[PDB]
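Chemist: Just my_file.csv, nothing more (CSV, C-alpha atoms (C1' of nucleotides)):
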```csv
chain,number,residue,atom,x,y,z
V,123,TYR,CA,45.3,-2.4,2.9
V,124,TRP,CA,47.8,0.2,1.6
V,125,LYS,CA,45.3,1.9,-0.6
V,126,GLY,CA,42.3,0.9,1.6
V,127,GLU,CA,39.4,-1.1,0.4
V,128,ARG,CA,39.1,-3.7,3.3
V,129,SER,CA,38.3,-3.3,7.0
V,130,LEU,CA,40.2,-5.1,9.7
V,131,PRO,CA,38.5,-8.4,10.5
V,132,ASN,CA,36.2,-8.5,13.5
V,133,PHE,CA,36.1,-12.2,14.4
V,134,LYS,CA,32.9,-13.7,15.6
V,135,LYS,CA,32.4,-15.6,18.9
V,136,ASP,CA,31.1,-18.9,17.5
V,137,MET,CA,34.3,-19.4,15.5
V,138,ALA,CA,35.5,-23.0,15.0
V,139,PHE,CA,38.8,-22.8,16.7
V,140,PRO,CA,41.8,-24.3,14.9
V,141,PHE,CA,44.1,-27.1,16.1
V,142,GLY,CA,47.2,-28.5,14.4
V,143,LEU,CA,48.2,-32.0,13.6
V,144,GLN,CA,50.8,-31.7,16.4
V,145,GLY,CA,48.0,-32.3,18.8
V,146,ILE,CA,46.2,-35.5,17.7
V,147,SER,CA,47.4,-38.3,19.9
V,148,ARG,CA,46.4,-41.8,21.1
V,149,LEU,CA,44.3,-42.6,18.1
V,150,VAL,CA,43.0,-46.1,18.3
V,151,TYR,CA,39.9,-48.2,17.6
V,152,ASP,CA,38.4,-49.4,20.9
V,153,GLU,CA,36.3,-52.3,19.9
V,154,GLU,CA,34.7,-52.6,23.3
V,155,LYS,CA,33.0,-49.2,22.9
V,156,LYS,CA,32.7,-49.5,19.1
V,157,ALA,CA,34.3,-46.0,18.6
V,158,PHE,CA,37.7,-44.5,17.8
V,159,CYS,CA,39.3,-43.0,20.9
V,160,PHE,CA,41.9,-40.2,20.9
V,161,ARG,CA,43.0,-37.2,22.9
V,162,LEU,CA,42.5,-33.6,21.9
V,163,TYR,CA,45.2,-32.2,24.3
V,164,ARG,CA,44.7,-34.4,27.3
V,165,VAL,CA,41.0,-35.3,27.1
V,166,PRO,CA,39.4,-38.6,26.0
V,167,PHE,CA,37.0,-38.6,23.1
V,168,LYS,CA,34.8,-41.3,21.8
V,169,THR,CA,34.0,-40.6,18.1
V,170,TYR,CA,30.4,-40.9,17.0
V,171,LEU,CA,30.4,-42.3,13.4
V,172,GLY,CA,26.9,-43.7,14.2
V,173,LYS,CA,25.6,-45.4,11.1
V,174,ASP,CA,28.7,-44.6,9.0
V,175,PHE,CA,30.4,-47.9,8.9
V,176,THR,CA,31.8,-47.3,5.4
V,177,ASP,CA,32.1,-43.6,4.4
V,178,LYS,CA,34.5,-42.1,6.9
V,179,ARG,CA,35.0,-45.5,8.6
V,180,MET,CA,38.0,-46.5,6.5
V,181,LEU,CA,39.4,-42.9,6.7
V,182,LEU,CA,40.4,-42.7,10.4
V,183,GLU,CA,41.7,-46.3,10.1
V,184,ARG,CA,43.6,-45.0,7.1
V,185,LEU,CA,45.4,-42.7,9.6
V,186,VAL,CA,45.8,-45.0,12.6
V,187,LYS,CA,47.9,-47.2,10.3
V,188,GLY,CA,49.7,-44.2,8.7
V,189,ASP,CA,48.2,-44.2,5.2
V,190,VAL,CA,46.4,-40.8,4.8
V,191,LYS,CA,47.8,-37.3,5.5
V,192,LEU,CA,46.1,-34.9,7.8
V,193,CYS,CA,46.3,-31.1,7.9
V,194,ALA,CA,45.7,-28.4,10.5
V,195,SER,CA,42.1,-29.0,11.4
V,196,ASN,CA,39.4,-27.1,13.1
V,197,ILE,CA,36.7,-27.8,15.7
V,198,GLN,CA,33.1,-26.5,16.1
V,199,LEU,CA,30.6,-26.7,18.9
V,200,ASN,CA,27.0,-26.1,18.2
V,201,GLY,CA,25.1,-26.4,21.5
V,202,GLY,CA,25.9,-29.7,23.2
V,203,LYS,CA,27.3,-31.5,20.2
V,204,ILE,CA,31.0,-31.4,19.2
V,205,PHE,CA,32.3,-31.5,15.6
V,206,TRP,CA,35.8,-31.9,14.2
V,207,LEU,CA,36.5,-30.4,10.8
V,208,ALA,CA,39.4,-32.6,9.7
V,209,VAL,CA,41.3,-31.5,6.6
V,210,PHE,CA,42.2,-34.9,5.2
V,211,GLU,CA,44.4,-34.7,2.1
V,212,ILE,CA,42.6,-37.0,-0.4
V,213,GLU,CA,44.0,-37.9,-3.8
V,214,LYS,CA,42.7,-37.7,-7.4
V,215,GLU,CA,40.7,-40.4,-9.1
V,216,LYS,CA,41.8,-41.6,-12.5
V,217,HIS,CA,39.1,-42.7,-15.0
V,218,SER,CA,39.1,-43.6,-18.7
V,219,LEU,CA,38.6,-40.1,-20.1
V,220,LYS,CA,39.1,-38.8,-23.6
V,221,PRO,CA,40.4,-35.2,-23.9
V,222,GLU,CA,38.9,-34.8,-27.4
V,223,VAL,CA,35.4,-35.6,-26.1
V,224,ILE,CA,33.9,-32.3,-24.9
V,225,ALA,CA,30.9,-31.9,-22.6
V,226,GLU,CA,28.9,-28.7,-23.2
V,227,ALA,CA,27.5,-27.4,-19.9
V,228,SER,CA,25.2,-24.4,-19.4
V,229,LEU,CA,23.7,-23.1,-16.2
V,230,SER,CA,20.5,-21.1,-16.0
V,231,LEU,CA,17.9,-20.3,-13.3
V,232,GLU,CA,15.2,-22.3,-15.2
V,233,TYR,CA,17.5,-25.3,-15.8
V,234,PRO,CA,20.4,-25.4,-13.3
V,235,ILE,CA,22.5,-27.7,-15.5
V,236,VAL,CA,22.0,-28.6,-19.1
V,237,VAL,CA,24.8,-30.8,-20.6
V,238,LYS,CA,25.5,-32.0,-24.1
V,239,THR,CA,27.8,-34.9,-24.9
V,240,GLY,CA,27.5,-36.0,-28.5
V,241,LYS,CA,24.0,-37.3,-28.7
V,242,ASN,CA,23.5,-37.6,-24.9
V,243,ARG,CA,21.5,-34.8,-23.2
V,244,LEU,CA,21.2,-34.4,-19.4
F,1,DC,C1',53.6,-33.9,24.8
F,2,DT,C1',54.0,-28.4,24.7
F,3,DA,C1',55.8,-24.2,23.7
F,4,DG,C1',59.1,-21.0,20.9
F,5,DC,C1',60.3,-19.8,16.2
F,6,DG,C1',61.3,-19.0,11.1
F,7,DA,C1',-1.1,9.2,-14.4
F,8,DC,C1',-4.8,5.9,-13.3
F,9,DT,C1',-9.4,5.3,-11.7
F,10,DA,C1',-14.2,6.7,-10.6
F,11,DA,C1',-18.1,9.7,-11.3
F,12,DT,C1',-21.1,12.2,-14.3
F,13,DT,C1',-23.0,13.8,-18.7
F,14,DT,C1',-24.5,13.6,-23.7
F,15,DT,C1',-26.0,12.0,-27.9
F,16,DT,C1',-27.9,8.5,-32.5
F,17,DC,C1',-31.1,5.0,-33.4
F,18,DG,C1',-35.2,2.5,-32.5
F,19,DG,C1',-39.9,2.5,-30.7
F,20,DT,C1',-44.3,4.5,-30.8
F,21,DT,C1',-48.3,7.1,-32.6
F,22,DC,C1',-51.5,9.4,-36.1
F,23,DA,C1',-54.6,7.6,-38.9
F,24,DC,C1',-60.4,10.2,-46.1
F,25,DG,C1',-61.9,12.0,-50.5
F,26,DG,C1',-45.6,-33.1,-68.5
F,27,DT,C1',-46.6,-38.5,-68.3
F,28,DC,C1',-48.3,-42.6,-66.4
F,29,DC,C1',-50.5,-44.8,-62.7
F,30,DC,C1',-53.6,-45.7,-58.6
F,31,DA,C1',-57.4,-44.2,-55.6
F,32,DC,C1',-61.5,-41.3,-54.2
F,33,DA,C1',-65.8,-38.8,-54.9
F,34,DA,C1',-69.8,-37.9,-58.2
F,35,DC,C1',-73.0,-39.7,-60.7
F,36,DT,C1',-76.2,-41.7,-63.6
F,37,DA,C1',-78.5,-45.2,-66.3
F,38,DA,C1',-80.7,-49.3,-65.5
F,39,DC,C1',-82.9,-52.7,-62.2
F,40,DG,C1',-85.8,-54.3,-58.5
F,41,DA,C1',-89.3,-53.5,-54.6
F,42,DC,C1',-93.6,-51.2,-52.4
```
Please lay out the structure from this file as structure tokens.
Modeler:
Amino acid sequence: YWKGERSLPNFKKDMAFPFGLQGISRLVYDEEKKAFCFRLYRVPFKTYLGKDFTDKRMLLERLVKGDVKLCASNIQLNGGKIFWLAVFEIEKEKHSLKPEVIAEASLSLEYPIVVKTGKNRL
DNA sequence: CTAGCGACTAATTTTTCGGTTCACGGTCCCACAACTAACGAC
């Protein structure tokens, strides 16, 4: 900005507006309605996992019991539906990896990924 | 629970080869066609 190679941002109107973790409250699992309930600044909200009884199902419960950390999230609205962009802080996964073993990856427009690993081609 | 704060395409021309025309001093073997000399009938 001192030299000048960037214009001042002109924010759009459909922006997902941000809300901090200091606003999530009354998080519980109401079994009667089969949906998590919470308040986004004094308004009830039934969460629609739908047919997602495993993927993010044990993620909100990982927060109702205080086991996963959440960051300043955002919220989108796309014409009747409402979406929450929750920045959950997930951890790394440890496998049985060998640093000496090297995978040779190449990316081209004819073959998006071509990978060598010893005698294994993918 | 909320608020303050850290140049490419089409049209026209021209030319070599083919077509056409004129038209006087060995062997051995198995069949097939003659064929003829003799034989029998009228």
Chemist: Please provide as an NGL selection string all residues within 8 Å of residue 206 (chain V), with the sequence filter that same-chain residues fewer than 5 positions apart are discarded (counting all atoms listed in the file).
Modeler: :V and (195-198)
Chemist: Please report as CSV every residue of chain F lying within 12 Å of chain V, along with the nearest atom pair and their distance in Å (one decimal), using all atoms listed in the file.
Modeler:
```
residue,atom,partner,partner_atom,distance
F:1,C1',V:145,CA,8.4
F:2,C1',V:145,CA,9.3
F:3,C1',V:144,CA,11.6
```
Chemist: May I have the residues from that selection written out with C-alpha atoms (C1' of nucleotides), as a compact mmCIF listing (two decimals), keeping the file's coordinate frame?
Modeler:
```
# COMPACT_ATOMS: atom_id res chain seq x y z
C1' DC F 1 53.60 -33.90 24.80
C1' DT F 2 54.00 -28.40 24.70
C1' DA F 3 55.80 -24.20 23.70
```
Chemist: Go ahead and compute the interatomic distance for CA of residue 159 (chain V) and CA of residue 174 (chain V), in Å to one decimal.
Modeler: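 Separation between CA of residue 159 (chain V) and CA of residue 174 (chain V): 16.0 Å.
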Chemist: Separation of CA of residue 161 (chain V) and CA of residue 146 (chain V), in Å?
Modeler: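 The value is 6.3 Å.
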Chemist: Could you check the closest approach to residue 207 (chain V) for each of V:194, V:186, V:181, V:235 and tell me which residue wins, using only C-alpha atoms?
Modeler: V:194
Chemist: Between CA of residue 148 (chain V) and CA of residue 212 (chain V), what distance in Å does the model show, to one decimal?
Modeler: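 Distance between the two atoms: 22.4 Å.
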Chemist: Missing atoms in region 175-190 of chain V need filling: write out N, CA, C and O atoms for it as a CSV table (one decimal), in the frame of the given file.
Modeler:
```
chain,number,residue,atom,x,y,z
V,175,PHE,N,29.5,-46.9,8.8
V,175,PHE,CA,30.4,-47.9,8.9
V,175,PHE,C,31.2,-48.1,7.6
V,175,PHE,O,32.0,-49.0,7.4
V,176,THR,N,31.0,-47.2,6.6
V,176,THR,CA,31.8,-47.3,5.4
V,176,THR,C,32.4,-46.0,5.0
V,176,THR,O,33.6,-45.9,4.6
V,177,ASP,N,31.6,-44.9,5.0
V,177,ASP,CA,32.1,-43.6,4.4
V,177,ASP,C,33.3,-43.0,4.9
V,177,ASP,O,34.4,-43.0,4.3
V,178,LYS,N,33.3,-42.6,6.2
V,178,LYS,CA,34.5,-42.1,6.9
V,178,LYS,C,35.1,-43.2,7.8
V,178,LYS,O,36.1,-42.9,8.5
V,179,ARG,N,34.5,-44.4,7.8
V,179,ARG,CA,35.0,-45.5,8.6
V,179,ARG,C,36.4,-45.9,8.2
V,179,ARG,O,37.3,-46.0,9.1
V,180,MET,N,36.6,-46.1,6.9
V,180,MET,CA,38.0,-46.5,6.5
V,180,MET,C,38.9,-45.3,6.2
V,180,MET,O,39.8,-45.4,5.5
V,181,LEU,N,38.5,-44.1,6.8
V,181,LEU,CA,39.4,-42.9,6.7
V,181,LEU,C,40.2,-42.7,7.9
V,181,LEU,O,41.4,-42.3,7.8
V,182,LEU,N,39.6,-42.8,9.1
V,182,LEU,CA,40.4,-42.7,10.4
V,182,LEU,C,41.3,-43.9,10.5
V,182,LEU,O,42.4,-43.8,11.0
V,183,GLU,N,40.8,-45.1,10.1
V,183,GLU,CA,41.7,-46.3,10.1
V,183,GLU,C,42.8,-46.1,9.1
V,183,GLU,O,43.9,-46.7,9.3
V,184,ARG,N,42.6,-45.3,8.1
V,184,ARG,CA,43.6,-45.0,7.1
V,184,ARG,C,44.7,-44.1,7.7
V,184,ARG,O,45.7,-43.8,7.1
V,185,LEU,N,44.4,-43.5,8.9
V,185,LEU,CA,45.4,-42.7,9.6
V,185,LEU,C,46.0,-43.4,10.8
V,185,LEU,O,47.2,-43.2,11.2
V,186,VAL,N,45.2,-44.3,11.5
V,186,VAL,CA,45.8,-45.0,12.6
V,186,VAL,C,46.9,-46.0,12.1
V,186,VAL,O,47.8,-46.3,12.9
V,187,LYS,N,46.9,-46.4,10.9
V,187,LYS,CA,47.9,-47.2,10.3
V,187,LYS,C,48.9,-46.4,9.4
V,187,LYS,O,49.7,-47.0,8.8
V,188,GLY,N,48.8,-45.1,9.4
V,188,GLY,CA,49.7,-44.2,8.7
V,188,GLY,C,49.6,-44.4,7.2
V,188,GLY,O,50.6,-44.8,6.5
V,189,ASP,N,48.4,-44.1,6.6
V,189,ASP,CA,48.2,-44.2,5.2
V,189,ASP,C,47.6,-42.9,4.5
V,189,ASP,O,47.7,-42.8,3.3
V,190,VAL,N,47.0,-42.0,5.3
V,190,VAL,CA,46.4,-40.8,4.8
V,190,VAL,C,47.0,-39.6,5.6
V,190,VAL,O,47.3,-39.7,6.8
```
